[PDB]
């Protein structure tokens, strides 16, 4: 096989909030990958603490000509839609108001992954592409640790910002009355030259879930070595919701 060796892998990490113990772990769950749209969770947190984001419906911004955005994103967006629909330009409008110093200050203070939002050295894309592949990476275990802290309010930002961040995390309902609060992410791994490799798509689903008062925190990440027709983030999500009852039984 003239191609390079396969770097595909899967992780599924579920931990109990009440006992602190791992419930189900498939894969090493320690590999770092760009958070993609999962970064909207700590970015909402940064925005609510800084005061650019106010509540679940404000500020409402309108897409305007000249801004890079998918055809579905060209509408009016507020924090709820931003999270539910993964609106990339709203994230970049939020970082543009934050500025490079405030942005790297919050990411470092949150201890989120490698806390590197400088971007690719030479392209000055820290504020626009760092969470997509340019610099910032995070592992499943670090996704679970951050979400655990967010869920308890122990992150080093205001507790009201954490409450407002939890409120716009999208909600899903899984079998056996599991209420799931999760965020997807989809992207491509980088090739040797630093360009997106479309044969290496990846998908995330990270968040927490509740059933009859018990809480779990989870992270699922799939990194493929072959192209996919559908976005992996939503596919990983749908598979996780179908499985979470058997996954959380231990």
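Numbering follows the first chain given and starts at 1.
Stretches 114-122 and 77-85 differ in mean C-alpha B factor, with the higher average recorded for 114-122. The mean C-alpha temperature factor is higher for 47-55 when 199-207 and 47-55 are set side by side.
The top Cα temperature factor in the record, among 104, 138, 147, 180, falls on 104.
In this structure the maximum Cα B-factor among 188, 39, 218, 61 is found at 61. Among the modelled residues of the chain, residue 18 sits in the highest third by CA temperature factor in this PDB entry. Sort the modelled residues of the chain by CA B factor and residue 31 lands in the lowest third. Residue 214 sits in the middle third of its chain by CA B factor, as recorded in the PDB entry.
Per the deposited record, the Cα B-factor of residue 174 falls in the lowest third when ranked against the other modelled residues of its chain.
In this PDB entry, residue 154 carries a Cα temperature factor that places it within the highest third of its chain's modelled residues.
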